[PDB]
Amino acid sequence: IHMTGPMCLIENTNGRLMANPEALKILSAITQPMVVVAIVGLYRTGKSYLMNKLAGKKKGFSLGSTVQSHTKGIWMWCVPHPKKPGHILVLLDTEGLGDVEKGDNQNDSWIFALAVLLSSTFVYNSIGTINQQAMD
Amino acid sequence: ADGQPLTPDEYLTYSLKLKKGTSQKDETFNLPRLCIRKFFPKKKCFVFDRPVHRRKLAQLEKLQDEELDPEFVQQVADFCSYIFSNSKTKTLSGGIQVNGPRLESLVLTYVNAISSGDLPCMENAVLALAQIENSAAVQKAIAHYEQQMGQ
Amino acid sequence: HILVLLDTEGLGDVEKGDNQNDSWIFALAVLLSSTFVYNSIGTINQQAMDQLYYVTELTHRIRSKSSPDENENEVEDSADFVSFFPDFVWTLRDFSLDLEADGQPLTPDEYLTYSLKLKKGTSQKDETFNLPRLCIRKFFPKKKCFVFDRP
Amino acid sequence: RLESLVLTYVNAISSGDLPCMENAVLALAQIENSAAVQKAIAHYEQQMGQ
Ligand SMILES: Nc1nc2c(ncn2[C@@H]2O[C@H](COP(=O)(O)OP(=O)(O)O)[C@@H](O)[C@H]2O)c(=O)[nH]1
Ligand SMILES: [Mg+2]
């Protein structure tokens with residue numbers, strides 16, 4: 001019915017956005033109404049970790065601890081809503097913005113825009129303080 | 001802020017509050033905040049402490065709650081509780097409630113629209129300057145030519 | 001010899017109406033220094049690289065507009081304007097991420113070099129990525145990176 | 001000489017020697033509207049040429 005583990009929904013194939021058809025078919029088999037929660041923010045800010053907490057799990061969306069970017073594209077986890085019977089909670093984990101090894105800088109805008117369009121709740125993840133750059 | 005303690009929500013609202021005045025010195029400041037006020041009327045802020053000792057951040061998901069900061073464990077629970085209690089079912093125009101198939105349709109519609117060029121790109125601030133100044137340079141050069149030939 | 005320390009107003013103040021004054025303070029810090037300390041938190045962000053790129057180009061353009069009227073401009077020939085930009089010191093505060101890239105441990109200096117390394121080649125796929133880095137390579141040949149733990 | 005540098009560059013900034021780039025929505029409008037004129041002209045040229 002639901003997913004035991006998250007899957008990649010949208011891949012960065014070369015430098016073009018491509019949808020994973022397996023994840024789409026599992027998502028379209030989902031018959032219940034969906035509450036869709038997406039996270040977005042700079043890379044290396046603990047987004048993936050926080051999304052696993054919304055799934056109520058210690059592991060799920062992959063977490064790494066190097067200076068390099070980890071999460072790529074957009075990953076989807078369709079889980080039961082923990083309080084509403086007959087509703088589905090969808091978690092969308094995103095590639096982090098501002099990757100200094102990423103050539104396709106415009107893909108950051110594309111992932112952000114998709115996260116806004118596909119969600120009902122948008123989690124903007126920043127570090128330390130409210131920055132003017134983050135507002136802009 | 002200004003000698004008064006504020007909540008995280010009051011801190012977020014203060015940062016995003018538009019300046020009063022309507023003058024030129026306030027236009028740039030007010031431009032992102034008028035948009036954010038319009039597109040995101042309902043806002044919430046959450047603070048999270050540093051989650052553990054700095055040497056144990058790399059293994060954070062493998063640690064038990066007593067090795068993390070206690071305030072961080074509580075703050076994560078409060079965040080998750082708020083998301084579960086206040087998040088709505090996704091909607092579309094015409095009173096339509098989004099389910100799996102409709103969400104799949106939205107993914108395909110927007111991915112295809114991006115791949116066909118419908119989404120503008122934010123350019124580098126230097127290339128943007130060159131585009132403006134060089135275009136103006138062509139116009140000045142043409143105006144000089146027209147003046148010289150016309151005389 | 002006299003050591004001269006310049007402490008600056010921080011960029012990105014969300015209460016500051018004159019956002020263009022941030023570029024002015026940044027440009028003045030580049031122009032008046034012999035060593036430029038760029039202070040960042042946690043990691044090297046693309047925004048920090050692009051801001052340094054944008055301000056450096058604006059700083060070179062302002063300096064060019066105050067050279068042909070300056071008798072102090074006339075005292076050298078062959079040295080380009082880039083040779084008088086300050087040495088670059090990149091500080092990483094609250095540093096906790098593993099200094100490892102592609103399975104290899106790296107120094108902070110190698111981490112800075114990897115972040116600012118231009119991709120090889122001449123294609124359109126690389127132009128945007130290489131544009132700030134070609135500038136930073138040109139105007140800041142001498143670089144140094146330092147990490148600082150959470151204190 | 002450092003005093004001279006402070007006065008020289010502060011005056012140059014104060015007189016407009018530092019370029020100023022405008023915001024986001026106006027910059028987007030400038031790009032998209034310029035492209036819109038070109039698309040409209042291309043459509044006109046196609047219709048008249050046929
Ligand atoms: N400083 C800090 N580090 C965290 C926090 N949460 C997770 N981390 C660590 O930060 C690193 C990157 O986390 P990750 O989930 O991959 O960040 P993401 O790239 O935004 O998804 C991991 O090693 C985590 O253990 C936090 O709240 N603060
Ligand atoms: Mg991650």
# chains A, B, ... in the order shown; residues from 1 in each chain; ligands from 1
$ interface_residues --of "chain B" --to "chain C" --cutoff "8 Å" --atoms "only C-alpha atoms" --output "MDAnalysis selection string"
chainID B and resid 15:16 25:26 28:29 54:55 57:58 124:126
$ residues_near_ligand --ligand "ligand 2" --cutoff "6 Å" --atoms "only C-alpha atoms and all ligand atoms" --output "number ranges by chain"
A: 48, 62-63, 70-71
$ residues_around --residues "residue 43 in chain B" --least-positions-apart "2" --cutoff "12 Å" --atoms "only C-alpha atoms" --output "PyMOL selection string"
(chain A and resi 121-124) or (chain B and resi 8-13+16+36-41+45-46+86-87)
$ closest_residue --among "C:41, C:106, C:49, C:29" --to "ligand 1" --atoms "only C-alpha atoms and all ligand atoms"
C:41
$ select_by_dssp --residues "chain A" --states "helix (DSSP H, G or I)" --output "JSON, numbers by chain"
{"A": [21, 22, 23, 24, 25, 26, 27, 28, 47, 48, 49, 50, 51, 52, 53, 54, 107, 108, 109, 110, 111, 112, 113, 114, 115, 116, 117, 118, 132, 133, 134, 135]}
$ write_last_selection --atoms "N, CA, C and O atoms" --output "CSV table (one decimal), in the first residue's frame"
chain,number,residue,atom,x,y,z
A,21,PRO,N,9.8,6.4,-13.6
A,21,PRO,CA,8.5,5.9,-13.9
A,21,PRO,C,8.0,4.9,-12.9
A,21,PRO,O,6.8,4.7,-12.7
A,22,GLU,N,8.9,4.2,-12.2
A,22,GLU,CA,8.6,3.3,-11.1
A,22,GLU,C,8.0,4.0,-9.9
A,22,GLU,O,6.8,3.7,-9.5
A,23,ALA,N,8.6,5.1,-9.4
A,23,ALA,CA,8.1,6.0,-8.4
A,23,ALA,C,6.8,6.7,-8.8
A,23,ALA,O,5.9,6.8,-7.9
A,24,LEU,N,6.6,7.1,-10.0
A,24,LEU,CA,5.3,7.6,-10.6
A,24,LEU,C,4.2,6.6,-10.5
A,24,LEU,O,3.1,6.9,-9.9
A,25,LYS,N,4.4,5.4,-10.9
A,25,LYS,CA,3.4,4.3,-10.9
A,25,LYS,C,3.0,3.9,-9.4
A,25,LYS,O,1.8,3.6,-9.2
A,26,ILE,N,3.9,3.9,-8.5
A,26,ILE,CA,3.6,3.7,-7.1
A,26,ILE,C,2.8,4.9,-6.5
A,26,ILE,O,1.9,4.7,-5.8
A,27,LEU,N,3.2,6.1,-6.9
A,27,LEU,CA,2.5,7.3,-6.6
A,27,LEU,C,1.1,7.3,-7.2
A,27,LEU,O,0.1,7.7,-6.5
A,28,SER,N,0.9,7.0,-8.4
A,28,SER,CA,-0.5,7.0,-9.0
A,28,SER,C,-1.4,5.8,-8.5
A,28,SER,O,-2.6,5.9,-8.6
A,47,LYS,N,18.6,18.7,6.0
A,47,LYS,CA,17.2,18.5,5.4
A,47,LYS,C,16.8,17.1,5.5
A,47,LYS,O,15.7,16.8,6.1
A,48,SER,N,17.5,16.2,4.9
A,48,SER,CA,17.2,14.7,4.8
A,48,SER,C,17.0,14.1,6.1
A,48,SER,O,16.0,13.3,6.3
A,49,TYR,N,17.8,14.4,7.1
A,49,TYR,CA,17.7,14.0,8.5
A,49,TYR,C,16.4,14.4,9.1
A,49,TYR,O,15.7,13.6,9.7
A,50,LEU,N,16.0,15.7,8.9
A,50,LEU,CA,14.7,16.3,9.4
A,50,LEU,C,13.5,15.6,8.8
A,50,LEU,O,12.5,15.3,9.5
A,51,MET,N,13.5,15.3,7.5
A,51,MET,CA,12.5,14.6,6.8
A,51,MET,C,12.3,13.2,7.3
A,51,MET,O,11.1,12.7,7.4
A,52,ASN,N,13.3,12.4,7.7
A,52,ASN,CA,13.2,11.1,8.3
A,52,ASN,C,12.5,11.2,9.7
A,52,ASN,O,11.8,10.3,10.0
A,53,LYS,N,12.7,12.3,10.4
A,53,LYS,CA,11.9,12.6,11.6
A,53,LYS,C,10.4,12.8,11.4
A,53,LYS,O,9.6,12.3,12.2
A,54,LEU,N,10.0,13.4,10.3
A,54,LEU,CA,8.6,13.4,9.8
A,54,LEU,C,8.1,12.1,9.4
A,54,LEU,O,6.9,11.9,9.5
A,107,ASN,N,19.3,24.3,-12.3
A,107,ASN,CA,18.6,23.2,-11.8
A,107,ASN,C,18.1,23.5,-10.3
A,107,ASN,O,17.1,22.9,-9.9
A,108,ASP,N,18.8,24.3,-9.5
A,108,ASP,CA,18.5,24.7,-8.2
A,108,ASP,C,17.1,25.4,-8.2
A,108,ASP,O,16.2,25.2,-7.3
A,109,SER,N,16.9,26.3,-9.2
A,109,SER,CA,15.6,27.0,-9.3
A,109,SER,C,14.5,26.1,-9.7
A,109,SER,O,13.3,26.2,-9.2
A,110,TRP,N,14.7,25.1,-10.5
A,110,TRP,CA,13.8,24.0,-11.0
A,110,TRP,C,13.3,23.1,-9.9
A,110,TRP,O,12.1,22.9,-9.7
A,111,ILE,N,14.2,22.6,-9.0
A,111,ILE,CA,13.9,21.9,-7.8
A,111,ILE,C,13.1,22.6,-6.8
A,111,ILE,O,12.2,22.1,-6.3
A,112,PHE,N,13.5,23.9,-6.6
A,112,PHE,CA,12.8,24.8,-5.7
A,112,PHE,C,11.4,25.0,-6.2
A,112,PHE,O,10.4,24.7,-5.4
A,113,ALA,N,11.2,25.3,-7.5
A,113,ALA,CA,9.9,25.6,-8.1
A,113,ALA,C,9.0,24.4,-8.0
A,113,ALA,O,7.8,24.5,-7.7
A,114,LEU,N,9.5,23.2,-8.3
A,114,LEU,CA,8.8,21.9,-8.2
A,114,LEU,C,8.3,21.6,-6.8
A,114,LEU,O,7.2,21.2,-6.5
A,115,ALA,N,9.2,21.8,-5.8
A,115,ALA,CA,8.9,21.7,-4.4
A,115,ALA,C,7.7,22.5,-3.9
A,115,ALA,O,6.9,22.1,-3.2
A,116,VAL,N,7.7,23.8,-4.4
A,116,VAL,CA,6.5,24.7,-4.1
A,116,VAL,C,5.3,24.3,-4.8
A,116,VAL,O,4.2,24.2,-4.2
A,117,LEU,N,5.3,23.8,-6.1
A,117,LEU,CA,4.2,23.4,-6.8
A,117,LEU,C,3.5,22.1,-6.4
A,117,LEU,O,2.3,22.0,-6.4
A,118,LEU,N,4.3,21.1,-5.9
A,118,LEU,CA,3.9,19.8,-5.6
A,118,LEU,C,3.5,19.7,-4.1
A,118,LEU,O,2.8,18.7,-3.8
A,132,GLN,N,19.1,37.9,4.4
A,132,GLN,CA,18.5,38.6,3.3
A,132,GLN,C,18.6,37.8,2.0
A,132,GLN,O,17.6,37.7,1.3
A,133,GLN,N,19.7,37.1,1.7
A,133,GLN,CA,19.8,36.2,0.6
A,133,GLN,C,18.7,35.2,0.5
A,133,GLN,O,18.1,34.9,-0.5
A,134,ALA,N,18.4,34.5,1.7
A,134,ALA,CA,17.4,33.5,1.8
A,134,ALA,C,16.0,34.1,1.5
A,134,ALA,O,15.2,33.4,0.8
A,135,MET,N,15.7,35.3,1.9
A,135,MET,CA,14.5,36.0,1.6
A,135,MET,C,14.3,36.4,0.1
A,135,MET,O,13.3,36.1,-0.5
$ closest_residue --among "B:60, B:113, B:138, B:103" --to "ligand 1" --atoms "only C-alpha atoms and all ligand atoms"
B:60
$ residues_around --residues "residue 6 in chain D" --least-positions-apart "5" --cutoff "10 Å" --atoms "only C-alpha atoms" --output "PyMOL selection string"
(chain C and resi 28+31-32) or (chain D and resi 1+11)
$ closest_atom_pairs --of "chain B" --to "ligand 1" --cutoff "9 Å" --atoms "only C-alpha atoms and all ligand atoms" --output "CSV"
residue,atom,partner,partner_atom_place_in_ligand_line,distance
B:48,CA,ligand 1,27 (O),6.6
B:49,CA,ligand 1,27 (O),7.0
B:50,CA,ligand 1,28 (N),5.3
B:51,CA,ligand 1,27 (O),5.2
B:52,CA,ligand 1,28 (N),7.8
B:54,CA,ligand 1,1 (N),7.4
B:56,CA,ligand 1,25 (O),7.7
B:57,CA,ligand 1,25 (O),4.5
B:58,CA,ligand 1,23 (O),3.7
B:59,CA,ligand 1,25 (O),5.3
B:60,CA,ligand 1,25 (O),4.2
B:61,CA,ligand 1,25 (O),6.3
B:62,CA,ligand 1,25 (O),8.8
B:72,CA,ligand 1,27 (O),7.9
$ write_last_selection --atoms "N, CA and C atoms" --output "short mmCIF file (atom, residue, chain, number, x, y, z; two decimals), in the first residue's frame"
data_model
loop_
_atom_site.label_atom_id
_atom_site.label_comp_id
_atom_site.auth_asym_id
_atom_site.auth_seq_id
_atom_site.Cartn_x
_atom_site.Cartn_y
_atom_site.Cartn_z
N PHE B 48 15.81 25.37 16.18
CA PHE B 48 16.38 24.12 16.59
C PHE B 48 17.76 24.45 17.09
N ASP B 49 18.10 24.02 18.31
CA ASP B 49 19.41 24.09 18.90
C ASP B 49 20.42 23.26 18.11
N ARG B 50 21.72 23.47 18.35
CA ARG B 50 22.75 22.57 17.84
C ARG B 50 22.53 21.13 18.34
N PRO B 51 22.48 20.06 17.55
CA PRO B 51 21.72 18.89 17.97
C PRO B 51 22.51 18.01 18.87
N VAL B 52 23.83 18.12 18.85
CA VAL B 52 24.70 17.31 19.65
C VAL B 52 26.04 18.00 19.67
N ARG B 54 29.82 18.62 18.58
CA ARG B 54 30.25 18.79 17.21
C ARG B 54 30.95 17.59 16.58
N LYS B 56 30.03 14.49 17.04
CA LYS B 56 29.06 13.43 16.87
C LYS B 56 27.99 13.78 15.84
N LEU B 57 28.08 14.95 15.17
CA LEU B 57 27.14 15.38 14.13
C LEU B 57 27.09 14.47 12.92
N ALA B 58 28.24 13.89 12.55
CA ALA B 58 28.38 12.98 11.44
C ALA B 58 27.58 11.69 11.58
N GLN B 59 27.20 11.30 12.81
CA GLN B 59 26.57 10.02 13.08
C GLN B 59 25.18 10.23 13.66
N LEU B 60 24.60 11.44 13.51
CA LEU B 60 23.44 11.92 14.24
C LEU B 60 22.21 11.01 14.25
N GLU B 61 21.89 10.38 13.10
CA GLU B 61 20.79 9.45 12.93
C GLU B 61 21.00 8.09 13.60
N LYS B 62 22.25 7.73 13.97
CA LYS B 62 22.55 6.49 14.64
C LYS B 62 22.53 6.65 16.15
N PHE B 72 17.01 19.98 21.56
CA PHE B 72 16.89 19.54 20.18
C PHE B 72 15.88 18.41 19.98
#
$ closest_atom_pairs --of "chain B" --to "chain D" --cutoff "9 Å" --atoms "only C-alpha atoms" --output "tab-separated table"
residue	atom	partner	partner_atom	distance
B:28	CA	D:23	CA	7.0
B:31	CA	D:25	CA	8.3
B:32	CA	D:24	CA	8.6
B:120	CA	D:28	CA	7.8
B:121	CA	D:28	CA	8.7
B:122	CA	D:28	CA	8.0
B:125	CA	D:21	CA	7.5
B:128	CA	D:21	CA	8.3
B:129	CA	D:21	CA	6.9
$ write_last_selection --atoms "C-alpha atoms" --output "mmCIF file, in the first residue's frame"
data_model
loop_
_atom_site.group_PDB
_atom_site.id
_atom_site.type_symbol
_atom_site.label_atom_id
_atom_site.label_comp_id
_atom_site.auth_asym_id
_atom_site.auth_seq_id
_atom_site.Cartn_x
_atom_site.Cartn_y
_atom_site.Cartn_z
ATOM 1 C CA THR B 28 13.923 47.494 -2.869
ATOM 2 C CA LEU B 31 9.709 44.186 -3.060
ATOM 3 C CA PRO B 32 10.454 40.592 -1.714
ATOM 4 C CA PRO B 120 12.905 31.517 -16.535
ATOM 5 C CA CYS B 121 16.517 31.300 -15.336
ATOM 6 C CA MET B 122 18.176 33.584 -12.795
ATOM 7 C CA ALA B 125 24.689 39.516 -11.868
ATOM 8 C CA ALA B 128 23.183 40.790 -16.564
ATOM 9 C CA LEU B 129 25.229 44.037 -16.325
#
$ closest_residue --among "C:38, C:114, C:4, C:63" --to "residue 100 in chain C" --atoms "only C-alpha atoms"
C:114
$ closest_atom_pairs --of "chain A" --to "chain C" --cutoff "7 Å" --atoms "only C-alpha atoms" --output "JSON lines"
{"residue": "A:65", "atom": "CA", "partner": "C:97", "partner_atom": "CA", "distance": 5.6}
{"residue": "A:66", "atom": "CA", "partner": "C:98", "partner_atom": "CA", "distance": 4.2}
{"residue": "A:67", "atom": "CA", "partner": "C:97", "partner_atom": "CA", "distance": 5.4}
{"residue": "A:68", "atom": "CA", "partner": "C:101", "partner_atom": "CA", "distance": 6.4}
{"residue": "A:98", "atom": "CA", "partner": "C:46", "partner_atom": "CA", "distance": 4.5}
{"residue": "A:99", "atom": "CA", "partner": "C:46", "partner_atom": "CA", "distance": 6.0}
{"residue": "A:100", "atom": "CA", "partner": "C:46", "partner_atom": "CA", "distance": 5.2}
{"residue": "A:101", "atom": "CA", "partner": "C:115", "partner_atom": "CA", "distance": 6.3}
{"residue": "A:103", "atom": "CA", "partner": "C:129", "partner_atom": "CA", "distance": 5.2}
{"residue": "A:131", "atom": "CA", "partner": "C:12", "partner_atom": "CA", "distance": 5.5}
{"residue": "A:132", "atom": "CA", "partner": "C:12", "partner_atom": "CA", "distance": 4.4}
{"residue": "A:133", "atom": "CA", "partner": "C:12", "partner_atom": "CA", "distance": 6.3}
$ write_last_selection --atoms "N, CA and C atoms" --output "short mmCIF file (atom, residue, chain, number, x, y, z; two decimals), in the first residue's frame"
data_model
loop_
_atom_site.label_atom_id
_atom_site.label_comp_id
_atom_site.auth_asym_id
_atom_site.auth_seq_id
_atom_site.Cartn_x
_atom_site.Cartn_y
_atom_site.Cartn_z
N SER A 65 27.80 13.12 5.65
CA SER A 65 28.44 14.09 6.54
C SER A 65 29.70 14.71 5.96
N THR A 66 29.99 14.49 4.67
CA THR A 66 31.12 15.11 3.98
C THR A 66 30.72 16.51 3.54
N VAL A 67 31.71 17.29 3.03
CA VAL A 67 31.52 18.61 2.46
C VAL A 67 30.80 18.57 1.12
N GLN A 68 30.85 17.42 0.42
CA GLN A 68 30.16 17.19 -0.83
C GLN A 68 28.65 17.10 -0.67
N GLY A 98 23.05 25.69 -3.93
CA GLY A 98 24.34 26.32 -3.69
C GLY A 98 25.52 25.39 -3.72
N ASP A 99 25.37 24.18 -4.29
CA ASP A 99 26.44 23.23 -4.49
C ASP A 99 27.55 23.84 -5.37
N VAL A 100 28.79 23.86 -4.86
CA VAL A 100 29.92 24.54 -5.48
C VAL A 100 30.63 23.64 -6.48
N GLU A 101 30.16 22.38 -6.63
CA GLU A 101 30.60 21.45 -7.66
C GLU A 101 29.53 21.29 -8.74
N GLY A 103 27.51 22.19 -11.94
CA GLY A 103 27.56 23.05 -13.13
C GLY A 103 26.24 23.64 -13.53
N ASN A 131 18.54 35.24 6.79
CA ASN A 131 19.46 35.96 5.94
C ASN A 131 18.68 36.66 4.86
N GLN A 132 19.14 37.86 4.42
CA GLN A 132 18.54 38.58 3.30
C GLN A 132 18.57 37.79 2.01
N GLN A 133 19.69 37.10 1.72
CA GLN A 133 19.82 36.23 0.57
C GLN A 133 18.74 35.15 0.52
#
$ select_by_dssp --residues "range 53-116 of chain C" --states "strand (DSSP E or B)" --output "list in words"
residues 87, 88, 89, 90, 91, 92, 93, 98, 100, 101, 104 and 105 of chain C
$ atom_distance --atom1 "CA of residue 132 in chain B" --atom2 "CA of residue 61 in chain C"
15.1 Å
$ closest_residue --among "A:92, A:61, A:86, A:120" --to "chain B" --atoms "only C-alpha atoms"
A:120
$ interface_residues --of "chain D" --to "chain C" --cutoff "8 Å" --atoms "only C-alpha atoms" --output "ChimeraX atom specification"
/D:2,5-6,9-10,12-13,17-20
$ interface_residues --of "chain B" --to "chain A" --cutoff "6 Å" --atoms "only C-alpha atoms" --output "list in words"
residues 58, 61, 80, 89, 90, 98, 99, 100, 101 and 104 of chain B
$ closest_residue --among "C:68, C:108, C:86, C:10" --to "residue 36 in chain C" --atoms "only C-alpha atoms"
C:86
$ atom_distance --atom1 "CA of residue 44 in chain A" --atom2 "CA of residue 97 in chain A"
9.1 Å
